[PDB]
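Q: this block holds the first chain(s) of the complex, placed as they are in the complex; more will follow:
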Amino acid sequence: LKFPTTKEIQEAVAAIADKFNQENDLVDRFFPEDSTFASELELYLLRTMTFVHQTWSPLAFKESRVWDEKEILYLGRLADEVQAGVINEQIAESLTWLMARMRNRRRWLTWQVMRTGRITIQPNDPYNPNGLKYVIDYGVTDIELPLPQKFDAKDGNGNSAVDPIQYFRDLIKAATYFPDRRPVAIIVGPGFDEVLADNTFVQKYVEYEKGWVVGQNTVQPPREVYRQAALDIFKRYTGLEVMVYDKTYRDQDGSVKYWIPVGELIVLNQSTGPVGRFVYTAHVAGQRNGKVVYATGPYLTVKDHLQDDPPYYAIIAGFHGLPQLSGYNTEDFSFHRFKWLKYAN
């Protein structure tokens, strides 16, 4: 008996989405969920006095994985009486892998639109069959930061060239007049402290406080300490937050890709909280027996091909999406909120 329950499918989709939103994350909180009824091909948006009296198209994606329906009716005709409970487990595992690659897709869109700014897709991706390309602009003043010189440059026994404490101090001085240019929080998912451990300017400044001079009392400040002390040291010196968030990536390559770039950093300066938006847009569904309706959540339903002489059993959680950038300024058209320097040589 291949009978699956539809309200129970909605409840299991609710449980799977509860598990998906259970694993919460920073980049999810930057570009959050939103569901409108009108797309109108509007992606790059603009958003930013109680008087005393007397440019894109919507980029969409849906998911469906096929299985062997002959294997399915094989097992469902063999295990006859406990068919429903045995098959609902496979329904659960199917919805698990479904929601897994779906959340990987949405979160993929978010970290791709952050660390690179733009979104262009290729036919060469094995994630998708066809891969027809579509490009989306950015609208930011500076997509990335300038550098005087790189950070993993060595001189002597162990020393890094430029001090990011002194450089962000100079940014504090230059942004005292304009507090929108002062970096509020820095974002680093994978490892970033091997260069701050190289800074014997900074290790020397720490042992100035600690009173063991590198030539007088101690011999060599061990960089393995500074690999997990440099966060507290850099925060004590400059005075901004450090947040560490990193995930895996399921693709044909199998290489676990961090979503923050390895090495350098990610910087916000203007504000704190959600930058931009993910926009759920409308799903095409059944028109109706009556009249039209647009889906307001990622719609999910089942497909049986028992009736069809070419058989294939699958399921689809069909919906359509849209990425939204940050609310642009009403003073200039380029709107800077995120930036990042680059020393990944």
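A: Good, I have the coordinates. Numbering: from 1, shown residues only, chains lettered A, B, ... in the order given.
Q: residue A:65 should be in a helix, yeah?
A: No: remark: residue A:65 does not belong to a helix; assigned using DSSP: H, G, I helix; E, B strand; the rest coil, it is strand.
Q: for residue A:269, see how far away it is.
A: 42 Å (C-beta to C-beta, to the nearest Å). All C-beta spots, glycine's among them, are computed from the backbone N, C-alpha and C.
Q: check residue A:282 too.
A: From residue A:282 to residue A:269 the distance is 35 Å (C-beta to C-beta).
Q: sorry, back to before: what about residue A:65 and residue A:269, which has more around it?
A: Using other C-beta atoms under 10 Å as the criterion, residue A:65 and residue A:269 rank with residue A:269 on top: 22 against 11.
Q: got a list of what the more buried one touches?
A: By C-beta atoms under 8 Å, 6 or more residues apart in numbering, the contact set of residue A:269 is A:175, A:180-184, A:336-337, A:339.
Q: between the residues you listed, which sits nearest residue A:76?
A: Nearest to residue A:76 among those, counting by C-beta to C-beta, is residue A:337 at 53.1 Å.
Q: burial measure for that closest one, as a count.
A: Residue A:337 sits with 19 neighbouring residues when counted by other C-beta under 10 Å.
Q: verify the contact between it and residue A:273 for me.
A: No: the pair residue A:337 / residue A:273 is not scored as a contact, 10.3 Å apart, by C-beta atoms under 8 Å.
Q: and residue A:294, how far from residue A:58?
A: 13 Å.
Q: show me where chain A has helices.
A: Secondary structure of chain A (DSSP state H): helices at A:6-22, A:26-30, A:69-78, A:83-115, A:164-174, A:200-210, A:223-237.
Q: ok, which of the ones you listed comes nearest residue A:136?
A: Closest of those to residue A:136 is helix A:83-115, at 7.9 Å (criterion: C-beta to C-beta).
Q: which strands or helices does the closest one pack on?
A: Helix A:83-115 sits against helix A:6-22, helix A:26-30, strand A:63-67, helix A:69-78, strand A:277-281, strand A:313-317, strand A:320-324, with contacts defined as 3 or more C-beta pairs under 8 Å, 6 or more residues apart in numbering; DSSP states H and E.
Q: one more chain, chain B:
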Amino acid sequence: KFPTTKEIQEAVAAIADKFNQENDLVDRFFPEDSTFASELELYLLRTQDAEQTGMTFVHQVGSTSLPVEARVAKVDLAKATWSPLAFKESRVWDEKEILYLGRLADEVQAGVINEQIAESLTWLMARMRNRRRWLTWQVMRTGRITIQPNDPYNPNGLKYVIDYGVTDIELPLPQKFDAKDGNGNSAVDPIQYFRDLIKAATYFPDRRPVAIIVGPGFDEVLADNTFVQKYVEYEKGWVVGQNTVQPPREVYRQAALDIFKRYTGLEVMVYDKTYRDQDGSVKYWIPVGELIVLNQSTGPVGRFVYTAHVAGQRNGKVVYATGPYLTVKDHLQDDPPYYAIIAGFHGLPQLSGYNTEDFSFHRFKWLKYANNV
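A: So, slotting chain B in with the rest:
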């Protein structure tokens, strides 16, 4: 969220009526006809004239009649090897614009979709008509039909070389018209050239150039011909030695086609029309320079034939449609997101009645001289 089907058929008939209200040369030459057959006989046959005259017999009294030589239908016994090339097409719409118009036309879903319906129907009718024009003009300008994937309606390469055995589809020009000699003069009087064609056709019934077709301007080539220049000089009574010194080029251009049509007696017709095949360069069916003559008559040559409609037949014994059709395809439920309509035809234009006497048949020929632009 869809218009009516009989209203869509009436609207497509209205668009076809607006299309056919605009006539054409090539619509006059090859009017439509329909067959349930598909054998695609490459030639019709009709030949019985005074150039096929014959006469009765000198027979004596009281003897047996000397009978008729029956060479006509005996030589007419042959079989044709050709196959119809059916031309069918179907637009489609992305589901994004379907939902876009379902949202944007929440107040009036009828008209804002019916305008797109009329646009798609009329543009598809125009593409069909220009495909038929391509077929007819392409066979009339070369004698044969050839296909390759280089031509941008053919991504596939489904190529079918169809020839019709016209004897000399083209005409020898020893050189072009406007070959410059002396300082600069003409190589050949075109009118004296056409009267040489008549002079060769003094004994021949179907070599005598009756009417002529040309797409673009060749009149500047006429003005470069010092023969036509001297004709216009004698026409207005001017003398380049004595009366005038230099008339313009544009007196010559103005008087050239007039003096040509008056002296040669063949009707010059101009039917340059328009096609680009996704290349931007909208071209004329006849290229520049070279021109197509007719030497049999002026009248209908050939026949456009509708090949029978292949379709989902019915429950029982079948019958096919007899002209261009239309049907819609709704995929609002299906997994690939689209909507589509389809309206094709199955057909082929056929040539005229061949001569039943011999295999030779040539109502039209063409000569090439476009050596400089």
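Q: what do you get for what packs on helix A:83-115 once chain B is counted?
A: helix A:6-22, helix A:26-30, strand A:63-67, helix A:69-78, strand A:277-281, strand A:313-317, strand A:320-324 (3 or more C-beta pairs under 8 Å, 6 or more residues apart in numbering or on different chains; DSSP states H and E).
Q: list of residues touching the fourth one?
A: So that's helix A:69-78. For helix A:69-78, the external contacting residues (C-beta atoms under 8 Å, 6 or more residues apart in numbering or on different chains) are A:1-2, A:83, A:86-87, A:305-306, A:311-313.
Q: ok, back up a step: residue A:203 is nearest to which of the helices and strands packed on helix A:83-115?
A: Closest of those to residue A:203 is helix A:26-30, at 29.3 Å (criterion: C-beta to C-beta).
Q: including neighbour count, could the contacts of helix A:69-78 go into JSON lines?
A: Below are the contacts of helix A:69-78 laid out as JSON lines (neighbours: other C-beta atoms under 10 Å in any protein chain shown):
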{"residue": "A:1", "neighbour count": "12"}
{"residue": "A:2", "neighbour count": "15"}
{"residue": "A:83", "neighbour count": "16"}
{"residue": "A:86", "neighbour count": "13"}
{"residue": "A:87", "neighbour count": "18"}
{"residue": "A:305", "neighbour count": "13"}
{"residue": "A:306", "neighbour count": "10"}
{"residue": "A:311", "neighbour count": "14"}
{"residue": "A:312", "neighbour count": "13"}
{"residue": "A:313", "neighbour count": "18"}
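Q: what residues does chain A put near chain B?
A: For chain A, the residues in contact with chain B (C-beta under 8 Å from any C-beta of the partner chain) are A:37-40, A:57-58, A:60, A:64, A:282, A:284, A:286-287, A:291-292, A:294, A:303, A:316.
Q: just the CA trace of stretch A:109-125, in PDB.
A: Presented in PDB, the C-alpha positions along stretch A:109-125 are these (Å, rounded to 0.1, in the frame of the first residue of the first chain):
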ATOM      1  CA  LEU A 109      22.800  32.200  -2.400                       C
ATOM      2  CA  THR A 110      23.500  34.200   0.800                       C
ATOM      3  CA  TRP A 111      27.200  33.500   1.200                       C
ATOM      4  CA  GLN A 112      27.800  33.700  -2.600                       C
ATOM      5  CA  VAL A 113      26.100  37.200  -2.600                       C
ATOM      6  CA  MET A 114      28.100  38.300   0.400                       C
ATOM      7  CA  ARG A 115      31.700  37.200  -0.200                       C
ATOM      8  CA  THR A 116      31.600  38.000  -4.000                       C
ATOM      9  CA  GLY A 117      28.800  40.600  -4.100                       C
ATOM     10  CA  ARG A 118      27.300  39.500  -7.400                       C
ATOM     11  CA  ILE A 119      25.500  36.300  -8.600                       C
ATOM     12  CA  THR A 120      26.200  34.700 -11.900                       C
ATOM     13  CA  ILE A 121      25.600  31.000 -12.600                       C
ATOM     14  CA  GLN A 122      27.100  28.600 -15.100                       C
ATOM     15  CA  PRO A 123      26.100  25.500 -17.000                       C
ATOM     16  CA  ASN A 124      29.200  23.900 -15.800                       C
ATOM     17  CA  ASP A 125      27.800  23.500 -12.200                       C
END
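Q: then chain C, please:
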Amino acid sequence: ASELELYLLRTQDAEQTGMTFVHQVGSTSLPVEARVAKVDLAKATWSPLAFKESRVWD
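A: Following on from the chains above, chain C is added here:
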């Protein structure tokens, strides 16, 4: 609708004829190109303006 649809893009001409799609009958289908009309184009850039004006006499 005040569509702000400034530049109309309607190549509805006999100049843009193309041809019908040559296809082998009996074989599997191949539709005609709807991208010859349009595939993907951005939004229209206009500020759709307005005329309103009022007469007056004392």
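Q: could you re-examine the contacts of helix A:69-78 with chain C now present?
A: Here helix A:69-78 has contacts from A:1-2, A:83, A:86-87, A:305-306, A:311-313, using C-beta under 8 Å, 6+ apart.
Q: of these, closest to chain C?
A: For the contacts of helix A:69-78, the closest approach to chain C (C-beta to the nearest C-beta) belongs to residue A:312, at 19.2 Å.
Q: pretty sure the closest one contacts residue A:304?
A: No: in this structure residue A:312 lies outside contact range of residue A:304 using C-beta under 8 Å: 10.2 Å.
Q: what's the closest residue to residue A:257 other than its chain neighbours sitting at in phi/psi?
A: Spatially, and ignoring its direct neighbours in sequence, residue A:257 is nearest to residue A:249 (4.2 Å; C-beta to C-beta, 6 or more residues apart in numbering or on different chains). When read as degrees, to the nearest 10, the backbone of residue A:249 gives phi -150, psi 120.
Q: residues in contact with the nearest residue to residue A:124 once chain neighbours are set aside?
A: In space, and not counting its chain neighbours, residue A:124 is closest to residue A:131: 6.8 Å by C-beta to C-beta, 6+ apart. The contact partners of residue A:131, by C-beta under 8 Å, 6+ apart, come to A:121-125.
Q: for residue A:37, same thing?
A: A:282, A:294, A:296, B:103.
Q: now the two most distant members of those.
A: Farthest pair in the contacts of residue A:37 (C-beta to C-beta) is A:296 and B:103. Separation: 13.3 Å.
Q: tell me, what's touching the two both at once?
A: A:37, A:282.
Q: still on that earlier bit, among the contacts of residue A:37, which ones are buried?
A: Among those, those classed as buried by 16 or more other C-beta atoms under 10 Å in any protein chain shown are A:282, A:294.
Q: closest to chain C out of the contacts of residue A:37?
A: residue B:103 (12.0 Å).
Q: let me see the contact set for residue A:45.
A: Residue A:45 makes contact with A:277, A:324-325, A:327-328, according to C-beta under 8 Å, 6+ apart.
Q: recalculate using a threshold of 7 Å.
A: Residue A:45 sits next to A:324-325, A:327-328 when contact means C-beta atoms under 7 Å, 6 or more residues apart in numbering or on different chains.
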